[PDB]
Amino acid sequence: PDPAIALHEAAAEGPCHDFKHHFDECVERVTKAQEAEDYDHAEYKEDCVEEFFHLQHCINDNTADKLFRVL
Amino acid sequence: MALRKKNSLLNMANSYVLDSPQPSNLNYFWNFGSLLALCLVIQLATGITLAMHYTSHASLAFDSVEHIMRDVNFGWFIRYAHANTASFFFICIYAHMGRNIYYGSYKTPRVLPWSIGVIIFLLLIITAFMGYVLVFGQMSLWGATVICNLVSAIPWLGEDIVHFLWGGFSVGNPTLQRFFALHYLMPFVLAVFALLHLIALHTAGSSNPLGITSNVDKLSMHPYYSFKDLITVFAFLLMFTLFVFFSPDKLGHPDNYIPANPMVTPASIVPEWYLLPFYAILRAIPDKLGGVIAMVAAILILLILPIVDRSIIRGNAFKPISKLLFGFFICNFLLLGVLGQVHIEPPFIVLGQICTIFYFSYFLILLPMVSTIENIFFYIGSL
Amino acid sequence: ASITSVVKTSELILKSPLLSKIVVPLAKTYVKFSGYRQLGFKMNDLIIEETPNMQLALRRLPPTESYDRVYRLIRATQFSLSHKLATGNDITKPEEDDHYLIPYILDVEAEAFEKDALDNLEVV
Amino acid sequence: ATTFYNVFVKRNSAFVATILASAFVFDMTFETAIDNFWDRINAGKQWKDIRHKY
Amino acid sequence: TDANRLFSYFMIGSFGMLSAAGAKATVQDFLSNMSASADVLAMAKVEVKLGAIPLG
Amino acid sequence: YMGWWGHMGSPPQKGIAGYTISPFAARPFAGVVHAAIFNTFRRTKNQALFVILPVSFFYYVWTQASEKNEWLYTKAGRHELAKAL
Amino acid sequence: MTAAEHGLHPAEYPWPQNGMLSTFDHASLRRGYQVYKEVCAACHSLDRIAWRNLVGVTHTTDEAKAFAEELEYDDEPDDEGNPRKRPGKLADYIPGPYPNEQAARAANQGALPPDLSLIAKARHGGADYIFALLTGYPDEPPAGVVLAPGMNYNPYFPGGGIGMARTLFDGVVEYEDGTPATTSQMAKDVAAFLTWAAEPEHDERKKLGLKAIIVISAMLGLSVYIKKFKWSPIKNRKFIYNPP
Ligand code: HEC
Ligand code: HEM
Ligand code: HEM
Ligand SMILES: CCCCCCCCCCCCO[C@@H]1O[C@H](CO)[C@@H](O[C@H]2O[C@H](CO)[C@@H](O)[C@H](O)[C@H]2O)[C@H](O)[C@H]1O
């Protein structure tokens, strides 16, 4: 299987755990907010792109070299 | 009498490159003149070579540049040399202009070589702008569009002139073919003006870093400055090598590897880096015509340095306050450059306006004031 | 700016007690930081000479003053090209920094400015 | 040293001939040297290294 | 001494030698752009029938 | 304002004797190590403020502007961005 | 602009060709061609590459002629002026999947798959962007993202919504050299291949650069000696002044 699957998982649970938590919390909030009615007629709809970017940027920093080492 | 002096043709060369009497104390900032001559020679050689393989028709232009990259022997080198030397030409010209402003090279009796110099600078901008369009990638097309539309600001006839420059209603084949012809011509015009500013300089000779006369102590141009010029030639060629062979695309925009598409507009249309300060000055003024005037004035204002510098002493070597002001002026010019390529967003909008005011106030307020005060400090200070 | 201008303005400052109290110390520091004395120059050696007026003033210098100025220019040029500073007796001491040229240029300019005025006289 | 000077350096015709002959030798040897060095630092990566499989 | 002069001519000579070798490399690589490009060299083969061609 | 060899336009020179030695008689790199260390240090020390002050000021300005701009385009900066436009 | 509008910036991966003295790995180039041929070529052209370009880079003359000879190209008209087809030659360009833009867009829900010949030069990031994009489709878009119809979420793509779906899955290709074809391996190979396609002079350019660096450095050193030698009489000048 793809070596990246395991490396990414390891980096999320380990060095990028704070970022993982923030993304998780964000998704919980947004899903809950979408669940509530009259969400479609709201001014501001929050996404989790920002938190996702922070997590991915972190995972990539901790993985890039390790991944290419096993290809 | 030696043949080099006797024969009229040889004597002209002799007077410029051999017996030419130079100050004995020129520092390495006097080496940019010969680097500029080197860039001009490289651009002529590579440019004429690219012209042997390039097709100016819009249906073939971008592909002819790919053919140069892929099929022509050493075409990649000739292309990258031409493209990178255009950047080096601007580094050297900014250094040369910087030298001239710091050392007061614009003061009497060198107003005429300086004023011709300002025109050389305008010709280089036009040459480089037209050359960039020739690739006919996305930045080429969109760059041409927005820059040529600044002419629409000219009152009454503005729009008519734009259609005249395009040879149509938009940037297309007619524009590309005329830019090829003019891009080929402009470097020859530029070489003539470069020769003119040297002939004009030859009446006073070179200034020097102390700002005093060198009539007391002259050195032949050869061998002293010949061999001193070689050091910077090889330092230049090292820089050239690192870009051309190891990082040929560092100074470029990836979007110019996409063929021109009049429908799709690129994310950000920016000029080449060396034009960025003038673009920031243009953005600073909200009015279209205002912005264009400001942008042109930013170059033409160099012509008033001979007047606004009120100093009784030439150059900044001995003027601590002028040196501080010069430092701020140069760094502001670099900040303008950076602001030329940011998005039109807070807080860069207001910052660009402040930097634009500082740019102009150097010429109009600060240099006249500072130079007046330093005159008085030299006199009172040495009593 | 003309030497005349610089001299007149300086005299206005030196007259005002307040003004001189604040300007004279600044001017002395300016001169110290300027560092022309560290190349063995006198202040007047730095004045732009490529002007009809200044060429005339220099021709009117006494031969001794003229020969010494030539030497200071050559010496300073040698320090410049060598990237050295003056040491010892080559450094201009404040007491040696005399305005040897100012009187000559002020006379040249006096005539030049009077000539311009009188070229515009109107018989009343 | 006198001998060397007198033969190769004293006459400019000889000096320029020596410089050009040296340039010719340098050009040929430097080519060969760089080729070998380039092949060692990029070993197993070039077409010439994998060509044998095909 | 001759040794003293010879040293400085060695430096000058080396400089001339690298400049000569560098110019030769530059000229050769640069001018080669004018030799047939890769696409021109690709044109090389044509098959012709002979059945159609009459005698004489 | 410049003549030519023999009549350069110098005031008359008298009383200066100049001396030098042949390039072949001199060590071209004499005192190179002292120059490279001590001379360069002196020359650099004396010019340092004229570079440091403007560079540091404009770098600070840029840093503040770029950090604000980055912050305005985050979620946190929504309200301040709305006012700014 | 928001980070989303920019796209996430790709990691810097340690490519074999990174390094002043490093060529491409040609075995990776060959494998990358195989990914292009079996996956990308369905939607993307490679119009600037001719069969002859593969020869002595990824393939022998015979293998490349075999690839060319399997295809039909437009010949010159026959004697009645009727259209004819011929088998391909090494001089021929690799043919694209679609006859025109309209056909390309029709097949891709309106999106036009770009030609890949220059894509490594035409995007900030180069190989890193290609690798990041191909391997960076999350299973689920971040909560709150609304994708337009026919769009797929990919954070590396500016705006986040790309018209190209994920295409690399473990074992979509069977490499001829026995290498395990994982998503990551295939993305690495194809990114390398596309970088080569954009800049095929790469290997020669860097070797000539090495030669230039060495010669120019030596010339710079000698030019410093010669300048100092010639200038020493001026630097060493001394004066005695006796005022007249
Ligand atoms: C069946 C369709 C399809 C396949 C298979 C496919 N692509 Fe694409 N690709 C597209 C479409 C459509 C776009 C345009 C996406 C857009 O602009 O929204 C695209 C865009 C791209 C882009 C550019 C994205 C950008 O920045 O503009 C790259 C690079 C790319 N593809 C590479 C590949 C590679 C490498 C492969 C396979 C190994 C591949 N594609 C497979 C349809 C495909
Ligand atoms: C193609 C562009 C140019 C070339 C090839 C060129 C070349 C030269 C050369 C060889 C010199 C004498 C040596 C030196 O001082 O460096 C010189 C001096 C000068 N140039 Fe330029 N120049 C160019 C552009 C400019 C520009 C744009 C300006 C002004 C805006 C300018 C103004 C001057 C001045 C004032 C001098 C005299 C400086 C002095 O010695 O004190 N030049 N130029
Ligand atoms: C001052 C001299 C010159 C400058 C500053 C200059 C600048 C430029 C620039 C910036 C480009 C765009 C390069 C790219 O990104 O690909 C270009 C392209 C071009 N120039 Fe010039 N140029 C000069 C002289 C010449 C001359 C004399 C010719 C003779 C025809 C010429 C022919 C070309 C051609 C054919 C192209 C298009 C091919 C290409 O993009 O490489 N140039 N030039
Ligand atoms: C820099 C590129 C190299 C090519 C040289 C440029 C070509 C164009 C130069 C000719 C323009 C006329 O240039 C003019 O020529 C004459 C003689 O040549 C010079 O005249 C100078 O040298 C001669 C002897 O060398 C003296 O008689 C004279 O006293 C002195 O002024 C002028 O100072 C110069 O301004």
Side-chain angles (χ1 to χ4, degrees), chain B residues 4-5 8-20 37 39-40 42-54 56 61 64-65 68 78-80 82-87 89-90 123-124 127-137 139-140 180 183-188 190-191 194-195 198-199 202-203 252-253 256 272, chain F residues 2-7, chain G residues 7 32 35-36 38-44 104-105 107-114 116 119-120 122-123 129-130 133-134 150-152 154 156-159 161-165 167-168 172-173 186-187 190-191 193-194:
Chain B
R4 81 181 192 274
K5 294 167 53 175
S8 73
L9 289 180
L10 292 185
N11 191 54
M12 293 177 345
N14 174 230
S15 300
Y16 283 80
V17 306
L18 166 44
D19 283 356
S20 182
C39 293
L40 185 56
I42 287 166
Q43 289 310 71
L44 289 158
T46 57
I48 290 158
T49 296
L50 289 165
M52 301 176 179
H53 298 280
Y54 171 78
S56 64
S64 68
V65 174
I68 291 160
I78 290 154
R79 197 281 175 98
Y80 286 145
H82 195 77
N84 284 284
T85 306
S87 292
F89 217 142
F90 278 90
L123 288 170
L124 183 72
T127 305
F129 161 74
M130 286 173 173
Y132 194 65
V133 174
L134 293 188
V135 178
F136 220 52
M139 295 306 312
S140 301
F180 183 53
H183 184 67
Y184 196 139
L185 168 72
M186 225 49 69
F188 295 91
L190 178 94
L195 175 66
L198 285 202
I199 294 160
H202 212 69
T203 79
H253 203 302
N256 229 31
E272 289 257 88
Chain F
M2 179 180 81
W4 204 253
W5 301 105
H7 58 282
Chain G
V35 172
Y36 166 76
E38 295 179 4
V39 180
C40 313
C43 307
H44 286 279
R105 285 188 186 275
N108 290 286
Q109 313 93 240
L112 176 59
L116 293 181
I119 205 72
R123 292 294 183 277
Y129 169 74
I130 296 156
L133 182 80
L134 288 176
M151 298 293 141
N152 306 273
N154 189 312
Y156 294 97
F157 186 74
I162 190 176
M164 171 179 49
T167 50
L168 291 175
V172 291
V173 160
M186 291 181 297
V190 81
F193 169 77
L194 290 181

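Proteins get letters first, then strands, A, B, ... in listed order; numbering begins at 1 in each. Just follow the structure's listing: the first ligand is 1, and inside any ligand the first atom is 1.
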Atom 8 (Fe) of ligand 1 reached by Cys43(G) (N, O or S, under 2.8 Å): no
Sub-4.0 Å atoms of ligand 1 with respect to non-hydrogen atoms of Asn108(G): 2 (C), 12 (C)
Out of [options], whose heavy atom is nearest to [atom]?
| atom | options | answer |
| --- | --- | --- |
| atom 16 (C) of ligand 1 | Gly163(G), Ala191(G), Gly150(G), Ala187(G) | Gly163(G) |
| atom 32 (C) of ligand 1 | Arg105(G), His44(G), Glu38(G), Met151(G) | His44(G) |
| atom 42 (C) of ligand 1 | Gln109(G), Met186(G), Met164(G) | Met164(G) |
| atom 6 (C) of ligand 4 | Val17(B), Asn11(B), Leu195(B) | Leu195(B) |
| atom 31 (C) of ligand 3 | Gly47(B), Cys39(B), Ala51(B) | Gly47(B) |
| atom 5 (C) of ligand 1 | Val190(G), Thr167(G), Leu194(G) | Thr167(G) |
| atom 29 (C) of ligand 1 | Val35(G), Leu134(G), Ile119(G) | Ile119(G) |
| atom 24 (C) of ligand 1 | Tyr156(G), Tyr129(G), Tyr36(G) | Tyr129(G) |
| atom 20 (N) of ligand 3 | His53(B), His183(B), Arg79(B) | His183(B) |
| atom 12 (C) of ligand 1 | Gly159(G), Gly161(G), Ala111(G) | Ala111(G) |

Below a 4.0 angstrom heavy-atom separation, can you tell me which part of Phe89(B), side chain or backbone, both or neither, approaches ligand 3? side chain
Name of the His82(B) N, O or S atom nearest atom 21 (Fe) of ligand 3?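 Nearest N/O/S atom of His82(B): NE2.
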Do me a favour and list the nearest non-hydrogen protein atom to [atom] with residue, atom name and distance?
| atom | result |
| --- | --- |
| atom 2 (C) of ligand 3 | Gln43(B) CB, 3.5 Å |
| atom 23 (C) of ligand 1 | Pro114(G) CG, 4.0 Å |
| atom 24 (C) of ligand 3 | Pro187(B) CG, 3.4 Å |
| atom 17 (O) of ligand 1 | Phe157(G) CZ, 4.1 Å |
| atom 34 (C) of ligand 1 | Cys40(G) SG, 3.4 Å |
| atom 19 (C) of ligand 4 | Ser15(B) OG, 3.8 Å |

Salt-bridge test for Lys5(B) and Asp19(B): reply yes if a basic N is under 4.0 Å from a carboxylate O, no otherwise.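 Between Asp19(B) and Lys5(B) there is no salt bridge, as every charged N stays at least 4.0 Å from the carboxylate O atoms.
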Measuring from non-hydrogen atoms of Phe180(B) to any atom of ligand 3, is the shortest distance under 4.0 Å? yes
Shortest non-hydrogen contact from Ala111(G) toward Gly163(G):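 Closest approach of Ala111(G) to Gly163(G), heavy atoms only: CB-CA, 4.5 Å.
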Minimum-distance pair of heavy atoms, taken over all atoms of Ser15(B) and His202(B): O-CE1, 2.9 Å
Looking at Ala86(B), which atoms of ligand 3 are within less than 4.0 Å of one of its heavy atoms?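 Every atom of ligand 3 under 4.0 Å from some heavy atom of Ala86(B): 7 (C), 10 (C).
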Run the numbers for me: atoms of ligand 3, each under 4.0 Å from some heavy atom of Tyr132(B), listed by number. 11 (C), 12 (C)
Hey, is ligand 1 close enough to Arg123(G) that some N/O pair sits below 3.5 Å? yes
Between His202(B) and ligand 4, which part of the residue brings a heavy atom under 4.0 Å of the ligand: side chain, backbone, both or neither? side chain
Heavy-atom distances under 4.0 Å are what count here, so tell me which part of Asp19(B) touches ligand 4: side chain, backbone, both or neither.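 Under 4.0 Å from ligand 4, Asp19(B) contributes no heavy atoms.
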Mutual orientation of the aromatic rings belonging to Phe180(B) and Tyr184(B) [parallel < 30°, tilted 30-60°, perpendicular > 60°]: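 Because their plane-to-plane angle is over 60°, the rings of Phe180(B) and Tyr184(B) count as perpendicular.
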